[PDB]
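For reference, the chains in residue letters:
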Amino acid sequence: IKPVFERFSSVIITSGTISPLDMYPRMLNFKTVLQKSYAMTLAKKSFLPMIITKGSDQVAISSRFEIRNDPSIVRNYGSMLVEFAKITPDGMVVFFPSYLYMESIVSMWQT
Amino acid sequence: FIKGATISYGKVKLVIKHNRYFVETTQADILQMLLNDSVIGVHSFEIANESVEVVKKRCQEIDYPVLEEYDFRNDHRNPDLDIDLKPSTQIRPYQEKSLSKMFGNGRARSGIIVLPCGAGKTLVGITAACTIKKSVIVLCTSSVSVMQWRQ
Amino acid sequence: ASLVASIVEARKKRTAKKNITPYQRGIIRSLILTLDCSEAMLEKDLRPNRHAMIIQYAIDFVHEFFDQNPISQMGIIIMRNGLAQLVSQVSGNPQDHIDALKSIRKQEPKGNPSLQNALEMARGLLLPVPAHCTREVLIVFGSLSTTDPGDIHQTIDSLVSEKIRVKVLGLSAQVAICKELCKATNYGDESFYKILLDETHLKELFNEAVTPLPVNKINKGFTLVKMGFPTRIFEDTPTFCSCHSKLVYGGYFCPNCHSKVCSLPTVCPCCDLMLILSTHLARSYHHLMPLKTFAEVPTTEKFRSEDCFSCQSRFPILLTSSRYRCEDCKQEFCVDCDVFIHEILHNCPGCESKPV
Ligand SMILES: Nc1ncnc2c1ncn2[C@@H]1O[C@H](COP(=O)(O)OP(=O)(O)O)[C@@H](O)[C@H]1O
Ligand code: BEF
Ligand SMILES: [Zn+2]
Ligand SMILES: [Zn+2]
Ligand SMILES: [Zn+2]
Ligand SMILES: [Zn+2]
C-alpha cells in the first residue's frame, strides 16, 4: 500500500465499522489530517445490541475451539437458536467463528 | 427500643487459627473492657475452646455481641477443594435470595437458614460448601438420611 | 400541575381530532373476517389465551359492526391445519355470525396458518358482490410464519385487480408479507397494518375498523342502487315466511312482489330486491355530515355563561378554561357534552337551536 499513498495526494478511508481509528495509521504507515467517527442521531432507538454470557441454565457459553464438542455448550447454543427463531419475524442470520466449528456443531444439532 | 439493640453489632470478632481460638479485636480500646470482665478470666488474646459458649452468652448480656465472619478469600493456610455445581443444576429463585442476604456485604456470615420441609435445605448446605471451597464437615441426624444425602 | 397534566394530555388527544374533513366513505360494505387458529395462537400472552380472547372480541366486533352498518354484510373464515375453513356464508343476519363464533369458541386451535388459502377463499366469497359495495377483508394474524401451497405474490396482485381491501391486525411483531399485503392493497398506504401493544389496545383496534373506510379518488364508482321500503303488517294468524318457510306471527311485506320476510334489513328472496327501513339509512348519515370538532376557548377572553348550554352544568372555576365552543353557532359546551355529542349523538344542539 506504500505506493498508493505516495502516488495519490488525497485518499479517503471510510467504512461502517472501522474502529479503533488510531490503529490503522499504526499498522499502515500513513498520516491523516483528521480521523473521527459519527454517531447516528436517531430519534428512537432502532437497533438493540446485547451480549449473552450464559444460557438459560446460568452456565457460561463460549465458542472456544478446544471445547467445541461440549455437550453443555452445544445445548445452550441450540436453545438460543431455537428460541430466537421462534420470535424472529422473517429472517435470521447466524455467524460462526469458522467453517469447521460451524460444520461440527451443526452436525451435533442434527443428531 | 430500636436504638438500644441496633448499635451493639460489629465491634468484637472471634477467629480460629491452628485449632486455637483467638478473640481478635481491631481496636485497642476493647482490652480495658473484656479483660476487666469478672466472668472473663488490634490486640488478640487466646481463649479456651470450651469457654466459647460461656463468653458468647456473656457477650449477649454485655453491650457488645460477637460476630463470626470468615474471610475465606484471604485464608490461604487452609487447603482448598475445587467443586462446582454441574450444568444440569438449576438454582431456584428463593435459593438465590437466601444466598444474597448472607453475602450482601461480601463476607460470609454464620447463621441459620429456615426453609419449608423438602424445599431443598440439603442443597443450601451444598451451595455453601461449594462456594467456600474449603474443608467441610456435614452432620446428619440419621443413617438413612446420610445414605440419601451422599447420593 | 397534576390537574394541568391531565388538561395538556387532553389537548394532545384533541390535536388529532382537529383535522376532520368530510371524506367520501363507502357506506355499503362486504367484510370477510378472517381469524387465525394455529399452534402459535396457543400462547398465554393474552389471558386466558389468544384464541379465547380473539373469539370473545370477535363477537363484540360482530355486534358493533352490524349496529353501525345495518346495510352491510359480513363473512367469517378461519385458518386451521394449514387450510382455510369457512364457518359462515356472507349474509346480513348478525345472529348467524354470532352463533357460528360461539360454536368455534369450543374447538381448540391447532395446526399452521395459511394466508394464501384464506385470501383465496375470501376472493371467491367476494366475487358475487355488487360493484357498488366496498370489499374489505379483516385478517387477525398471530403467527410469524406462513405456509402456503402457491405463490402469495400472485394472490396479492389478484387482490389488487379485484379492488379488494385488506386490514391486518398482528399480535407479536411485523410480518413482511402483511406489510406488503396491507400496502399494495391500499394504494401504498401504510396505516392499515396495526400491531397491538397490550390487552386494552386491542379493543380500540377492533372498534376502529367499524367505521367505513374512505374511498380513493381514482377508485371512483358512482351508480344508483334499486331498493325498497316494505310496510310492516300485523296479521291475526301466523303465516309461512318466504325466507325460512316457518310459522311466524307476521312480517314485513315487500312492495315489489308482496312476499313477506321475517327480519330486516335483508334482500327479498323472491325479487332479489334489498329491503330496508328509513332508520337503517339514517344511522349512516353521521358519516356523511360529520359534526365539526369543537375548539377549546382560551381563558384570556370572557366566557358567555357559567353553565353548559345543553346540560346546564356549572363550569368549574378551579387555570385552563373548561369550555368548548362550536364555530358554526358559537355556543360554549362542557367537556362531558362534547364527548357525548361526538360519540353518541352527531348533531350540535347549538346549531339546531339557532333560528334562520
Ligand atoms: N434444586 C433442586 N432441584 C431438584 N430437586 C431438588 C432441588 N432442591 C431440592 N430438591 C429435592 O427436594 C427433596 C428434598 O430435599 P432435602 O434436602 O432432603 O430437603 P429438606 O432437608 O429441606 O427436607 C429431594 O428429592 C431433593 O432432590
Ligand atoms: F425438612 Be426436611 F424433611 F429435612
Ligand atoms: Zn323466516
Ligand atoms: Zn320482493
Ligand atoms: Zn354540558
Ligand atoms: Zn354548533
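Residues numbered from 1 in each chain as written, not as in the entry; some residues may be left out. Chains lettered and ligands numbered in written order. Part of a larger assembly, values for the part shown. Heavy atoms only, no water.

Per the PDB record, this model was obtained through cryo-EM at a reported resolution of 3.4 Å.

To locate leftover empty space, one rolls a probe as large as a water molecule over the atoms. Residue and element names in this part refer to chain C. The volume enclosed by the second largest pocket comes to roughly 1,500 Å³. Together, 33 residues line the second largest pocket, and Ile-20, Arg-25, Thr-211, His-287 and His-342 are the ones closest to its centre. At the level of elements, helix 1 (2–18), helix 2 (50–68), helix 7 (199–208) and helix 9 (335–343) are the ones that each hand at least two residues to the lining of the second largest pocket. Of the residues forming the lining of the second largest pocket, the biggest block, 4 residues, is contributed by helix 7. Taken together, the residues of the lining of the second largest pocket break down into 11 nonpolar, 11 polar and 11 charged. (1 Å grid on protein atoms, 1.4 Å probe; cavity = no way out; pocket = protein on both sides within 12 Å on 5 of 7 lines; lining within 4 Å. Points joined across faces, edges and corners; volume = space filled by probe spheres on them. Helix = DSSP H or I, 4+ residues; strand = E, 2+ residues; numbered from the N terminus. Nonpolar A, V, L, I, M, F, W, Y, C, P; charged D, E, K, R; others polar.)

Below, the discussion takes up the coordination of the zinc ion (ligand 4). All names here are of chain C. Those protein atoms acting as donors to the zinc ion (ligand 4) are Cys-254 (SG), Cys-257 (SG), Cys-268 (SG) and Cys-271 (SG), and they sit at 2.3 Å. In this structure, the zinc ion (ligand 4) is coordinated by 4 donor atoms arranged in tetrahedral fashion, with angles at the metal of 108 to 111 degrees. Note on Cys-257: relative accessible area 33%, which makes it partly exposed. (Donors = N, O, S within 2.8 Å, 3.2 Å for Na, K, Ca; no water. Tetrahedral: all angles 85-135°; square planar, octahedral: opposite > 155°, others 65-115°. Buried < 20%, exposed > 50% of the residue type's maximum accessible area, 1.4 Å probe, protein only.)

On to the UniProt feature "binding site: ATP" in chain B. Residues and elements named next belong to chain B. The sites that carry the UniProt feature "binding site: ATP" are, in the present numbering, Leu-115, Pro-116, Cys-117, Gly-118, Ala-119, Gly-120, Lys-121 and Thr-122. In this structure, the second largest cavity is lined, among the annotated residues mentioned, by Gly-120. One can find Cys-117 in the loop between strand 6 (108–109) and helix 5 (121–132). (UniProt positions renumbered as here; feature names shortened; annotations may be inferred.)

All names here are of chain C. Within the secondary structure layout, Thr-155 lies in helix 5 (residues 152–161). Along the backbone, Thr-155 and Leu-264 are 109 residues apart, and their C-alpha atoms lie at a distance of 36 Å. Setting aside chain neighbours within four positions, we find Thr-155 in contact with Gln-116, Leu-119 and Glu-120. (Contact = heavy atoms within 4.5 Å.)

All names here are of chain C. At the metal site, the zinc ion (ligand 6) is ligated by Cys-326 (SG), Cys-329 (SG), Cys-348 (SG) and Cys-351 (SG), and these contacts range over 2.3 Å. Of note is the zinc ion (ligand 6), whose 4 donor atoms meet at the metal with angles of 108 to 110 degrees in an arrangement that counts as tetrahedral. Each donor residue of the zinc ion (ligand 6) belongs to the same chain, with the gaps between them written as C-x2-C-x18-C-x2-C.

Time to look at helix 3 (residues 52–61) of chain B. All names here are of chain B. For helix 3, the complete set of buried residues consists of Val-52, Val-55 and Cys-59. Mapping the buried residues of helix 3 onto a view down its axis gives an arc of 70 degrees, with all of them on the same face. When the buried face of helix 3 is taken as reference, the exposed residues oriented beyond 90 degrees from it are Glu-53, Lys-57, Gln-60 and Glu-61. Elements that come into contact with the buried residues of helix 3 comprise strand 1 (12–17), strand 2 (20–24), strand 3 (44–47) and strand 4 (66–67). (Arc of directions from axis to C-beta.)

All names here are of chain B. The immediate surroundings of ligand 1 are formed by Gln-90, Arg-92, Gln-95, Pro-116, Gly-118, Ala-119, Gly-120, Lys-121, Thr-122 and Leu-123. Separating an oxygen atom of ligand 1 from a backbone N or O atom of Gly-118 is a distance of 3.0 Å. At 2.4 Å from an oxygen atom of ligand 1 is found a side-chain nitrogen or oxygen belonging to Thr-122. Coverage of ligand 1 by the protein chains reaches 51% of its 570 Å² of free accessible surface. Classifying every residue of the shell around ligand 1 gives 3 nonpolar, 5 polar and 2 charged. (Near = heavy atom within 4 Å. Polar contact = N/O pair within 3.5 Å; in protein donor to acceptor, adjacent residues only side chain to side chain. Areas by Shrake-Rupley, 256 points an atom, 1.4 Å probe, with all protein chains shown as cover.)

The subject of this paragraph is empty space enclosed by the protein. Residue and element names in this part refer to chain B. In this model, the largest cavity occupies a volume close to 80 Å³. Residue assignment for the lining of the largest cavity shows that the elements contributing at least two residues are strand 1, strand 3 and helix 3. With 3 residues, the single largest contributor to the lining of the largest cavity is helix 3. Its residues placed into classes, the lining of the largest cavity shows 10 nonpolar, no polar and 1 charged.

Our next topic: the pairing of strand 4 (residues 134–140) of chain C. All names here are of chain C. Strand 4 sits mainly inside the fold: 7 of its 7 residues count as buried. Of the two faces of strand 4, the one carrying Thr-134, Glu-136, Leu-138 and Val-140 and the one carrying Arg-135, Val-137 and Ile-139 are both buried. Note that strand 1 (residues 29–36) and strand 4 share 7 bridges and pair parallel. Opposite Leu-35, over in strand 4, you have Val-140 as the bridge partner. Judged from the 5 bridges that link them, strand 4 and strand 5 (residues 165–170) form a sheet pairing that is parallel. What sits directly across from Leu-138, in strand 5, is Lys-167. Remark: the strand 4/helix 5/strand 5 crossover connection has right-handed handedness. (Pairing = 2+ DSSP bridges. Right-handed = clockwise from strand over helix to strand, strands pointing away.)

Residue and element names in this part refer to chain A. In this fold, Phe-47 is placed in the loop between helix 2 (23–27) and helix 3 (71–87). The partly exposed category is assigned to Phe-47, whose relative accessible area is 46%. With 17 residues separating them along the chain, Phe-47 and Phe-30 place their C-alpha atoms 34 Å apart. Beyond its immediate sequence surroundings of up to four residues, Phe-47 is in contact with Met-40 and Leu-42.

Residues and elements named next belong to chain B. Across 2 bridges, the pairing between strand 1 and strand 4 is parallel. Residue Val-12 lies in a different strand from strand 4, and its bridge partner there is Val-66. Inspection of the sheet shows strand 1 paired to strand 2 by 5 bridges, in the antiparallel sense. From the neighbouring strand, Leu-14 faces strand 2, where its bridge partner is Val-23. Where strand 1 folds back on strand 2, the antiparallel hairpin that results is connected by 2 residues, among which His-18 adopts a positive phi of roughly 55 degrees.

Another point: the interface of chain C and chain A. It is common to report an interface's size as the accessible area lost on association of the parts. Contact with chain C, which involves 4 residues of that partner, is made by 5 residues of chain A. Around 320 Å² of area is buried between chain C and chain A when both sides are counted, 49% of it from carbon and sulfur atoms. Taken as a group, C:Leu144, C:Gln174 and C:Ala176 account for 86% of the area that chain C buries against chain A, more than any other trio of residues on that side. Joining chain C to chain A, the criterion identifies 1 residue pair in polar contact. Classifying every residue of the side of chain C that touches chain A by side-chain character gives 3 nonpolar, 1 polar and no charged. (Buried area = accessible area lost by both parts, 1.4 Å probe.)

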